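Asker: The following block contains the structure, expressed as structure tokens.
There are 2 protein chains.
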Amino acid sequence: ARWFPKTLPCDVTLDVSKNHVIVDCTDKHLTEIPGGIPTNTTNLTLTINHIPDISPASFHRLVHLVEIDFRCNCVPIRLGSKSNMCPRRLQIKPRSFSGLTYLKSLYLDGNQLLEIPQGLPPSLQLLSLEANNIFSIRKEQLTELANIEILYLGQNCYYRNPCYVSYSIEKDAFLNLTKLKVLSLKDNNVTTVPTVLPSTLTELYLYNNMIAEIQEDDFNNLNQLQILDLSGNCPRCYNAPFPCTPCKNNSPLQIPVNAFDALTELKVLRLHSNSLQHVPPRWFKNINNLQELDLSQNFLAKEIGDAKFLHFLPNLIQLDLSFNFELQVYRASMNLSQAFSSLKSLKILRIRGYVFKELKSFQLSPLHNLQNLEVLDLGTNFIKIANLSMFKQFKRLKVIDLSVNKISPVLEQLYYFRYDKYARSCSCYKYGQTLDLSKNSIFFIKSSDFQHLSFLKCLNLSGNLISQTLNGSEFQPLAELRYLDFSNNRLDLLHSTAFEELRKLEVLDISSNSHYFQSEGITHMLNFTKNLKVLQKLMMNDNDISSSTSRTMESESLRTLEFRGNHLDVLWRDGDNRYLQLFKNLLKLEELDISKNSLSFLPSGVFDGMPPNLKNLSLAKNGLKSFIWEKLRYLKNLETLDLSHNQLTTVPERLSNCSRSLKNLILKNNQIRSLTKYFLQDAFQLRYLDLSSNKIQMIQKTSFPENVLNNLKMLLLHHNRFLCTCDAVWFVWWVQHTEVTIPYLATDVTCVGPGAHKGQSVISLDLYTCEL
Amino acid sequence: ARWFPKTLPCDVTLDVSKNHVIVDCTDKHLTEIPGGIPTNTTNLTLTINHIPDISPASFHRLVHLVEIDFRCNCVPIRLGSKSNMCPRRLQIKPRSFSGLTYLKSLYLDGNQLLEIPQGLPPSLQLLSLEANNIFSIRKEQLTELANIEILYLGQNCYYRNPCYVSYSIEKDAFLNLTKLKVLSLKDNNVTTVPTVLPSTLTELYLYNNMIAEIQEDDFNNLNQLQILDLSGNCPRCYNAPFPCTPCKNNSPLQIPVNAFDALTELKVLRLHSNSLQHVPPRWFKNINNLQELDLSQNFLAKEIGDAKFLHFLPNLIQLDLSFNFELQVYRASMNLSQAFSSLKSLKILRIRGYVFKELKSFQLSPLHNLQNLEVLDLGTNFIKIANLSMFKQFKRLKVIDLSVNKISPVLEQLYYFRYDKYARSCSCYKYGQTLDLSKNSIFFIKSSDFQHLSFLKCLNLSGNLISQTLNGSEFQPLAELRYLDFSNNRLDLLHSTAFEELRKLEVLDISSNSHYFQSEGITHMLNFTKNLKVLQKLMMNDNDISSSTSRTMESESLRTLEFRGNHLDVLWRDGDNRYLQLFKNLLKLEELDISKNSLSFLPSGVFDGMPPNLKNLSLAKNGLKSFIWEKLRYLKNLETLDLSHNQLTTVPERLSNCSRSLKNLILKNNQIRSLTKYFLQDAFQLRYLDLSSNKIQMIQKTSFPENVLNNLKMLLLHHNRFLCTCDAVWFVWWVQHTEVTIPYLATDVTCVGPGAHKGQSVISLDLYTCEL
Ligand SMILES: *[C@@H]1O[C@H](CO)[C@@H](O[C@@H]2O[C@H](CO)[C@@H](O)[C@H](O)[C@H]2NC(C)=O)[C@H](O)[C@H]1NC(C)=O
Ligand SMILES: *[C@@H]1O[C@H](CO)[C@@H](O[C@@H]2O[C@H](CO)[C@@H](O)[C@H](O)[C@H]2NC(C)=O)[C@H](O)[C@H]1NC(C)=O
Ligand SMILES: *[C@@H]1O[C@H](CO)[C@@H](O[C@@H]2O[C@H](CO)[C@@H](O)[C@H](O)[C@H]2NC(C)=O)[C@H](O)[C@H]1NC(C)=O
Ligand SMILES: *[C@@H]1O[C@H](CO)[C@@H](O[C@@H]2O[C@H](CO)[C@@H](O)[C@H](O)[C@H]2NC(C)=O)[C@H](O)[C@H]1NC(C)=O
Ligand SMILES: CC(C)Cn1cnc2c(N)nc3ccccc3c21
Ligand SMILES: CC(C)Cn1cnc2c(N)nc3ccccc3c21
Ligand SMILES: *[C@@H]1O[C@H](CO)[C@@H](O)[C@H](O)[C@H]1NC(C)=O
Ligand SMILES: *[C@@H]1O[C@H](CO)[C@@H](O)[C@H](O)[C@H]1NC(C)=O
Ligand SMILES: *[C@@H]1O[C@H](CO)[C@@H](O)[C@H](O)[C@H]1NC(C)=O
Ligand SMILES: *[C@@H]1O[C@H](CO)[C@@H](O)[C@H](O)[C@H]1NC(C)=O
Ligand SMILES: *[C@@H]1O[C@H](CO)[C@@H](O)[C@H](O)[C@H]1NC(C)=O
Ligand SMILES: *[C@@H]1O[C@H](CO)[C@@H](O)[C@H](O)[C@H]1NC(C)=O
Ligand SMILES: *[C@@H]1O[C@H](CO)[C@@H](O)[C@H](O)[C@H]1NC(C)=O
Ligand SMILES: *[C@@H]1O[C@H](CO)[C@@H](O)[C@H](O)[C@H]1NC(C)=O
Ligand SMILES: *[C@@H]1O[C@H](CO)[C@@H](O)[C@H](O)[C@H]1NC(C)=O
Ligand SMILES: *[C@@H]1O[C@H](CO)[C@@H](O)[C@H](O)[C@H]1NC(C)=O
């Protein structure tokens, strides 16, 4: 199919429209730039390899390069692998880039460089030097960068990459970079705002440094600035998950009342973790276009009840006041200033970590007439008491977030506390109004708890303490509910009328309610589904279900059932036929996950007991030691079969004689050592085949006919035991010449032998002696 | 060291005192009896193999045999592996056993035999034929068994091994077995008690059959009988986890009032799952020595409130009345008859599954003066209300079991519901008075909850809903408490005074309290240990701990810390030195488990931060990719190092130069491919070395010096990648001739190559061609 097999260990992609030739050698275990990169290459990515040096020979023929991504070939020791440490910093020889007349972007992050590389072409718009060892910026070193527009210099001096001195920037070092728009000096041990800066700047990142004072006029000329981040200067260090040294005398970052006067275009101001005790209104007197303000992790508890500065922010969209609580103070309630009611445009208000015992509707009245409010986040406040009915006045909201509180009758998990949330590396909301009570202490629910909440579309009760026999009465007011997350509670399914009052329920998650399923004698009614007439998806994963009082689950509507992490092996004990049709009467079911059910064999009758429209079946991670492939004929609509992570040793003699319809067959991580003589013969709408991580030694053409192999969208063969003898001549030739996508050819499709060929890639194999 | 290497694939043990030669071939994948079994063999075990037949040649020379254990060489299909099903039943040719003049015990269970084997020697005392296909007993087939004392014939006709007809026993089939003492016909589809049985019987097992009625004279001559089990005849089928057919019209097994009159020696009566509604006192009129009575899984709920039969049971030790509740009835309280107070000798009372809402002190008053009572089990009763102070009247008890209830302000997991709890296969009580409240709904505790319980030595609160900041006040009355199981709650360690009122506490289990450790911003005081002055063992596994407000844990008493399943990889993030001494001030710590902490590397400072008397350290299951063995020099008292299940690839050049104290080194399941030249040179304190499940190809003599191998109690080498070429001549010869204990030589110490030798045991390898 190809006359010239591709031997380059990089992925090569073509974008005709933009005339781009994309060569991606990410994580190919290279120790040298590979030979034979196409001369027309425009984008070359060499990230995460161990190439030790760059030189004029490196990109000699690649004169059309617009981008070189050469990140992390020598990452600082504390940031990189300790098993394969980089022995010596990257070496860049003179004139390696000067011939790259079209070069627009150069990423050299994470290479332990000591200086800004010189000789850079004047076409360059973007230079990235994060996580190097450059901590002195001099003007001579920047003249080469006359046309630069984006400059990343951060993470060159901080606790994961120390330089042991203060960062140094020469007076006016950046001022003649007349096109510079984005400057990032974060995580750098910087002590003063550099001046004077070019007035073209749109974004200035100065966060996580040692700046104790802003001068008057530090930002005097930046009338185009749109984003300013001064966070983490004078940090709030309590419970910090990184080594944290506060400014002396409990001092805040000191910002003169007029410091932002010039910033008329400012849209985002981030003052997270600056130990602020007051927010002077004067700050915002000539900023009228501000949309995003981050004041989290300061000491603004007393200020939130006053907050006169809010009157100057009628265009604010997002306000974050999280984690401003006074240490060791557990306030009785939340005191929001009336000034909040002047925030016409506010869509998102986050006030986590205010820390108070009781939320009362009257406390939220300053927010009552904010017409655009979409998210109210009061998580992580240790609230013990909240009458949920108070949110009848907030029907317009999209998300009411009370996650992680102590109530009883999506941001990253580390978000407010991590060092740099933007560090670069080498859900039910869509259903409508959402009330998030997850991770609270709700141990008993009753209908009155939800009075005036009929508008709710998604209720998250995950991770409460609900240990109750639901009888269909607990959720009466929730007439519109489409999504209920009940996971990680202690559901007791004594009554099959559980949940039946949620008449519009489409998704139900009762996963990780294993508690009552773990003790003998307790009754479980798994047929509670019959009464839910629009239920589309049911998740009951990790419930340890090993017994059921009812012998059939019933639904006219269910399409998806997740049943992972249960004990169907016990339910289907050989000789007990009573539960072999447990899923048979789920007549619209198309997807069934019964992985992780300890099913070491499938009793005969399982496949005949499947519902008729089953499309996606997972039997993964079952320790399956044998499989009667012929029984798949019962599954007349089957299109995806996931048998991964089992102990299978054979494939069917004729996949065409087992499942005529099957499109995706996943057999990775089994014990298959050979294929049947005619395995894929006539399997014409097979499209995806994963045989990776098995023990296959040889494959012959009869098992792998081309009538099927090139209608394959992907064929996975890596991590097997291929024997590269003269018997493998067809397989080797086909792999070398095929158009079919086979991942990891450059890295993990390898001969195990014989001898000379051990560890050699099949792509590089020369078997001419077989043809002498 | 040996002149004649052992090639027999069986373990051979010598007991000089008992004149026994024990040959154990259990599960050796044998398809024939091996040649060369010692002529002096007295005990030969061939269980779980695939030997298809027995013949006079089988034991031809083994005339001293006293026991043959030939179980499970052809298991019934539903009971056996479905990947290696037995193709044909065991074949026994005539006179295979008649020469075995000393044979006392013959186990032929699970071989699909169709008849009682004939030709057995008259020495035979024990014959076991369970899980065969023998379902008609004729007197002629039993004549060979004149001296038999123990006869196991059950599991020959039941749902896991059907015969599709009723069991048949000829009239008086057993009567001329004049020495018969133990007869078991369980799980056999038996329809009547066989009569007449020999009066020498001491134990009669008739359980799990289809006996609907006992005749008044069925047991008339059994004046020596000590154990009678009639359970599972007319079973109680509600929630049965096995196919269960009840007697018609809800009838119980029906037992005339005088059916037990002859059984004056009876000590054990088992009537579990007989659908009994009454226990007539007349049953026990001539039974005065009964010690154990099982009446579980009947319908005796109302009888328990009357129970006149108990007046005839003054010598009873154990009484089981569990799971007698009326279906769909949730009683208000438990009604124990006053007759219970006549149970003078009772030690154990189990009344699980009575099902009632409220336990009150007065309900237990019939038990108040049972002086010998040790165990009171009221688990699995859905009790909602119980004042724990009532157990001040029960200080003499060893265990008060309220496990699995619904209280709010050790038997196998399947026990009462499994089909045959005696089916054969092919904890804090020791601290003193124990109150087991595990798996209840306790969400809040206060000191008054434990008023008058100061005598308690162990409290099990595992698996409640306790989501509370303990401050040292919640357990004040528990002045004698030595063991607290607080696992699987939601401990909030805000205060370092948590648990300090438990002044005699020696063991604390706060494992699986990960809830509050999983959300950022929450304060956790890990230094709460300082206040527990006799605390010996702390378990805090599976807490997901990744942050700590305190930097050091402190204790003058702690000897064992389990810290498995946390995130020390995050706590010890490279460049953050603040927690590197977390354990340093546990000055008496001898055992530390920090397995499963995602430690892919160990930051420098970890080993210097360890406390000085550490002896047993586990770093297992960490994904460890590298290890600086020299740092072990800091651990001057280290004796056990568990590095199993990691990704290590090398051993130290000289282990002796890394640790002078190390005795036990566990390296199993790593990626080691070779040993260093002088690995064990002069490692004189080494006693135990596990290298199994690595990728080792070759071992040379320099690595394994003889003066070290001679002190090894065990050296594990199985499941490596041994290359059996002429380069391996020393290793192969040494393995064949050494006295060092090496497990699995017969099964899993194998050549992977070259070619011809693939899969061959190295013990069987002949390398003479290397020496021509
Ligand atoms: C190839 O390199 C060019 C040059 O850097 C990339 O072009 C940039 O793409 C981003 C994506 O929106 C734009 O925001 C930048 O403005 C572009 N810069 C220039 C100078 O054009 C291009 O994305 C790269 N393509 C691939 C597939 O890697
Ligand atoms: C940031 O700069 C400070 C100096 O401003 C560095 O601190 C010095 O470190 C040296 C060597 O570690 C000490 O001898 C000095 O006493 C320190 N000076 C002060 C004022 O503390 C610090 O190491 C730098 N931070 C990083 C992460 O490199
Ligand atoms: C070897 O076989 C003999 C005879 O079967 C075993 O001796 C019996 O051991 C049980 C176990 O306690 C005793 O109750 C019996 O009284 C013993 N004698 C008989 C005739 O059964 C002996 O235990 C076996 N040894 C081993 C190591 O398996
Ligand atoms: C126990 O014995 C009964 C008969 O006493 C067996 O039941 C018969 O089974 C055959 C074959 O399935 C049926 O055609 C008969 O109608 C059954 N008779 C009755 C009275 O039910 C039963 O199969 C046996 N049980 C086992 C496990 O072998
Ligand atoms: C059928 C009842 C008489 C006993 N019972 C059996 N299963 C259950 C169960 N899951 N929850 C319960 C909760 C309260 C009371 C009884 C039960 C119960
Ligand atoms: C110290 C408080 C100002 C805030 N706080 C910080 N960590 C915690 C914590 N684990 N549990 C709590 C329980 C109730 C109230 C506050 C907290 C709390
Ligand atoms: C709320 O806090 C503000 C700010 O100090 C204060 O002026 C006001 O009195 C407080 N109101 C209440 C009800 O606590
Ligand atoms: C909660 O507030 C609602 C008002 O919407 C009221 O009807 C209800 O009684 C309140 N519940 C409690 C427990 O105060
Ligand atoms: C509910 O909350 C839990 C825990 O906070 C979260 O993991 C889960 O994804 C949420 N459920 C939905 C449906 O968004
Ligand atoms: C579920 O099945 C059981 C049969 O075991 C029956 O008692 C119960 O009424 C059924 N419930 C529904 C809703 O069908
Ligand atoms: C307990 O039940 C028995 C059985 O009928 C009855 O005779 C007795 O009066 C009951 N006692 C109490 C206190 O309920
Ligand atoms: C529990 O019983 C004790 C008597 O031993 C009594 O002092 C206490 O008040 C009772 N507690 C409750 C809540 O009834
Ligand atoms: C406490 O009870 C739990 C749950 O039944 C059990 O797993 C655990 O072993 C018990 N703890 C002790 C110390 O006996
Ligand atoms: C500890 O908590 C209990 C109940 O929350 C309270 O009665 C007691 O005063 C507290 N003790 C201290 C020292 O705070
Ligand atoms: C635990 O550590 C915290 C801060 O690290 C300290 O305030 C507290 O007093 C300590 N408690 C004990 C018992 O050492
Ligand atoms: C390790 O070996 C070297 C060379 O024999 C020796 O100098 C050194 O002291 C040894 N270290 C230990 C801890 O035994």
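Protein chains in written order, with the entry's author numbering: chain A, 27 to 435, 459 to 475, 490 to 835; chain B, 27 to 435, 459 to 475, 490 to 835. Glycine included, each C-beta is placed from N, C-alpha and C at the ideal position.
1. Going along the chain, which residues of its own chain have a beta-carbon closer than 8 Å to the beta-carbon of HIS394 of chain A, five neighbours each way excluded?
2. Is it buried or exposed, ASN783 of chain A, if we count other Cβ atoms within 10 angstroms and call 16 or more buried?
3. State buried or exposed for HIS515 of chain A, treating a residue as buried only when at least 16 other CB atoms are found within 10 Å of its CB.
4. Is it true that the region 100 to 108 of chain B meets the region 82 to 90 of chain B, where meeting means three or more beta-carbon pairs spaced less than 8 Å apart?
5. Where the beta carbon is closer than 6 Å to any heavy atom of ligand 4, which residues qualify, in chain order?
6. At a CB-CB cut-off below 8 Å, which residues of chain B make contact with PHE506 of chain A?
7. Take the Cβ of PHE626 of chain A as the centre, count every other Cβ of all protein chains shown within 10 Å, and call the residue buried at 16 or more, exposed below.
8. Check the Cβ of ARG104 of chain A against every Cβ in chain B and list those closer than 7 Å, keeping chain order.
9. Please report the straight-line C-alpha distance between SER371 of chain B and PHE335 of chain B, rounded to a whole angstrom.
10. Quick one: give me the first and last residue of the beta strand (DSSP E) that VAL815 of chain B is part of.
11. Bridge partners of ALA412 of chain B, per DSSP?
12. Which residues, taken in chain order from the region 268 to 288 of chain B, show a beta carbon closer than 8 Å to some beta carbon of chain A?
13. Cβ of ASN361 of chain A versus every heavy atom of ligand 7: is any distance shorter than 7 Å?
14. Closer than 8 Å, CB to CB, is residue 457 of chain A near chain B or not?
15. By the three-class DSSP mapping on this structure, what secondary structure does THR592 of chain A have?
16. If the criterion is Cβ atoms closer than 8 Å, does the pair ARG717 of chain B and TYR751 of chain B meet it?
17. Considering only residues of the region 59 to 114 of chain B, which uninterrupted beta strand (DSSP E) runs meet the minimum length of 3 residues and lie entirely inside it, listed in chain order?
18. Helix, strand or coil for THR532 of chain A per DSSP?
19. Report the residue from B:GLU141, B:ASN361 and B:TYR184 whose alpha carbon sits nearest the alpha carbon of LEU168 of chain B.
20. Is there at least one non-hydrogen atom of ligand 6 closer than 7 Å to the beta-carbon of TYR579 of chain B?
21. Any chance you could list the beta strand (DSSP E) runs of at least 3 consecutive residues sitting entirely within the region 152 to 233 of chain B, in chain order?
22. Taking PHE417 of chain B and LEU498 of chain B to be in contact with their CB atoms under 8 Å, please state how far apart those CB atoms are, rounded to whole angstroms.
23. Pick helix, strand or coil for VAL294 of chain A, following the three-state DSSP scheme.
24. Identify which residue in A:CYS36, A:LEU132 and A:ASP41 has its Cα closest to the Cα of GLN151 of chain A.
25. Would you check if the distance between the CB atom of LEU342 of chain A and the CB atom of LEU297 of chain A is smaller than 8 Å?
26. Report the rounded CA-to-CA distance for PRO188 of chain A versus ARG636 of chain B, giving the unit in angstroms.
27. Leaving out the 5 sequence neighbours to the left and right, which residues in its chain are closer than 7 Å to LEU677 of chain B when beta-carbon positions are compared?
Answerer: This is what the structure holds:
1. Mapped onto the first sequence, residue 394 of chain A falls at position 368. Excluding residues within five positions, the ones whose Cβ falls inside 8 Å are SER367 and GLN419.
2. Mapped onto the first sequence, residue 783 of chain A falls at position 720. Burial state of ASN783 of chain A is buried, judged by a 10 Å Cβ sphere holding 16 or more other Cβ atoms.
3. Numbered from 1 along the first sequence, position 452 holds the residue referred to as residue 515 of chain A. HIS515 of chain A should be labelled exposed.
4. no
5. B:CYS183, B:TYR184, B:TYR185, B:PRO188, B:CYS189, B:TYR190, B:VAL191, B:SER192 and B:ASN215
6. Stepping through the first sequence from its first residue, residue 506 of chain A is reached at position 443. Near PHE506 of chain A (Cβ distances below 8 Å), the residues of chain B are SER434, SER504, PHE506 and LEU528.
7. Here residue 626 of chain A corresponds to residue number 563 of the first sequence, with the count starting at 1. The residue in question, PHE626 of chain A, is buried, as its Cβ has 16 or more Cβ neighbours within 10 Å.
8. Taking the first residue of the first sequence as position 1, residue 104 of chain A is located at position 78. Within 7 Å Cβ-Cβ: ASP637 and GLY638.
9. Stepping through the second sequence from its first residue, residue 371 of chain B is reached at position 345. Stepping through the second sequence from its first residue, residue 335 of chain B is reached at position 309. When rounded, the distance between both Cα atoms is 15 Å.
10. Position 752 of the second sequence holds residue 815 of chain B. Taken as a continuous stretch (DSSP letters only), the beta strand (DSSP E) holding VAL815 of chain B covers 814 to 816.
11. Indexing the second sequence from 1 puts residue 412 of chain B at position 386. B:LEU385.
12. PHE268 and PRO269
13. Taking the first sequence and counting its residues from 1, one reaches residue 361 of chain A at position 335. Result yes, Cβ under 7 Å from ligand 7.
14. Here chain A breaks off after 435 and picks up again at 459, leaving residue 457 of chain A without coordinates.
15. The sequence position of residue 592 of chain A within the first sequence is 529, counting from 1. The answer is helix: DSSP assigns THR592 of chain A an H, G or I state.
16. To locate residue 717 of chain B, count along the second sequence from 1; it is residue 654. To locate residue 751 of chain B, count along the second sequence from 1; it is residue 688. In this structure, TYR751 of chain B does not lie closer than 8 Å to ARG717 of chain B by Cβ.
17. Runs of the beta strand (DSSP E) inside the region 59 to 114 of chain B: 69 to 71 and 93 to 95.
18. Translated into the one-based positions of the first sequence, residue 532 of chain A becomes position 469. Looking at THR532 of chain A - three-state DSSP - the assignment turns out to be strand.
19. Here the question's residue 168 of chain B lines up with position 142 in the second sequence. Of B:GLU141, B:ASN361 and B:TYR184, the residue nearest in Cα terms is B:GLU141.
20. For this step, residue 579 of chain B is matched to residue 516 along the second sequence. Yes, the Cβ of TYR579 of chain B comes within 7 Å of a heavy atom of ligand 6.
21. 152 to 154, 176 to 178, 208 to 210 and 229 to 231
22. On the second sequence, position 391 is the one that residue 417 of chain B refers to. On the second sequence, position 435 is the one that residue 498 of chain B refers to. Right, their Cβ atoms sit about 7 Å apart.
23. Against the first sequence, residue 294 of chain A aligns to sequence position 268. Looking at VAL294 of chain A - three-state DSSP - the assignment turns out to be strand.
24. Position 125 of the first sequence, counted from the start, is the residue given in the question as residue 151 of chain A. For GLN151 of chain A, the nearest C-alpha among the options comes from A:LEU132.
25. As a first step, residue 342 of chain A must be located in the first sequence, where it is residue number 316. As a first step, residue 297 of chain A must be located in the first sequence, where it is residue number 271. It is not a contact, given that the beta carbons lie outside the stated cut-off.
26. Counted from its first residue, the first sequence places residue 188 of chain A at position 162. Counted from its first residue, the second sequence places residue 636 of chain B at position 573. Answer to the nearest angstrom: the Cα atoms are 14 Å apart.
27. Stepping through the second sequence from its first residue, residue 677 of chain B is reached at position 614. Excluding sequence neighbours, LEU677 of chain B sits near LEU652, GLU653, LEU655, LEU698, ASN700 and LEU701.
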